[PDB]
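Asks: My structure is below; once you've seen it, I'll send some questions.
Numbers and lists here come from the model and the stated rules, or from a named source; these are not laboratory values. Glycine gets a Cβ as well: all are built from the backbone with ideal geometry, and neighbour counts include every protein chain shown.
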């Protein structure tokens, strides 16, 4: 069934599962035409497919060329997502195929389900959690590889860098989602907090700064303060 | 004009024949139904005064033999049986009429209702859905489950409707995932019409049988099956023009015939609102849509 706060710890057991987030698959800018009508221009997008247990990220870049001459693009985006996820599962050795795939938006259930008919034992699930994976394009290196791409391409990352050398999946995921939540509510502040101190660098093979354990504590505290402040501002509480 | 005599009526029961029905009192002298129009299928059905649960009955065609009804006190129900002694049977039938103990199938001559509801229903197809091939008639009741239902127990008592499933390999060609799921024309026309049903009359026939089983016995799996066969048509962009026209007629008499008080369980809100207003064929069911709006605008 659906994933919620109750069955949250199942994410960290030893059943291979993936999250699929499609929010950034079809990205456009809206603009005015010479005659004063509105038009859209597509930019490159990406599917965000993530193993919350291991941190492995399967970043499938969607090139604008895929939309060319197509109608009902926002609907097609869902099926292109499901097509690519299925192909990813097909490319993986059997022992690495997931037992569950969890879609972050319910509109992806039928298209994924349909595309996965060859895999009746992989369960396709919705979720009641309000995960912040749309802010994935706020991570500088992810946005950069997406925007540079000149063709369909798949790029592999570990979204936890080397954290699992020292903390658990559970704690790794709560760090990741707290970081993304803050980037989503106020990107400018969030990124400020991360890069203020020029003496804490991002390894070339990493996505985030090489904070020590204690500096992560201060960082996580700075992110939490950010998210609550924005809440009061939004709601006048 | 044919006759279905009853040996007796030992228990108080509501007897239906087609869309008509009569209250019979315990050990009232009732001994059959006469003037049953030859040329169509029929269904005689029952609801005991004591158990307003389990409606049950028999589909039959009088051209296939002489049938009569007899209450079984061991099994507790009115059974249909075949008399193979022609002479002995006309004998029974004539004496009951002489004594005038039979009701006359009460058909108004202007009325094409039963023909409209059974146009494409054929006994041979019924006996494939209800397999019991030592009888020429077919028993159905409220509680029988379908093949598709059993997959998600006792097969001897199953309704072997054609399995329709929109998220199956059968329904979806590889590489045409999005296309075939949004436009079911290749499932309808190639897989179902040409492939399994062979023609549209057998499809319609099953569709109408499913409906009438829903209506007369409240068989829930039958209602499921009817809805699916409508939805498959309405969700196909490419449908022969003659099927669309016939469907609008078929559905009209089905909607016209439904008891007003039962619209809540028998009509699936989603399928009807999809078919009449969202589907490819939203504009092709003019009579079905008119009568649905004037009679059940709540569901919509």
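Asks: Search the range A:110-140 for residues being surrounded by fewer than 16 Cβ atoms within 10 Å (Cβ to Cβ) and facing chain B (nearest Cβ under 10 Å), and hand back the single one that is nearest to residue A:52 (Cα to Cα).
Replies: A:120
Asks: Right, residue B:147: surrounded by fewer than 19 Cβ atoms within 10 Å (Cβ to Cβ), more than 14 Å from chain A (Cβ to nearest Cβ) and closer than 15 Å to residue B:210 by Cβ or not?
Replies: When the stated conditions are applied, residue B:147 passes them.
Asks: Have a look at B:209, B:216, B:204 and point out the one that is in a helix (DSSP H, G or I), in the same structural domain as residue B:163 (by CATH) and out of contact with any helix residue (DSSP H, G or I) (no Cβ under 8 Å at 6 or more places or on another chain).
Replies: B:216
Asks: Quick check on my filter: what residues within the range A:84-109 are closer than 24 Å to residue A:27 by Cβ, surrounded by fewer than 18 Cβ atoms within 10 Å (Cβ to Cβ) and within 14 Å of chain B (Cβ to nearest Cβ)?
Replies: Result: A:87, A:107, A:109.
Asks: Something else about it: Any idea how many residues of the range B:169-185 are within 14 Å of chain A (Cβ to nearest Cβ) and either part of a helix (DSSP H, G or I) or closer than 22 Å to residue B:278 by Cβ (or both)? Give the steps one after another, and end with the answer.
Replies: Step one: filter the range B:169-185 for residues within 14 Å of chain A (Cβ to nearest Cβ), giving B:169-184.
From the residues that got through so far, the ones that are either part of a helix (DSSP H, G or I) or closer than 22 Å to residue B:278 by Cβ (or both) too are B:171-172, B:176-184.
So the count comes out to 11.
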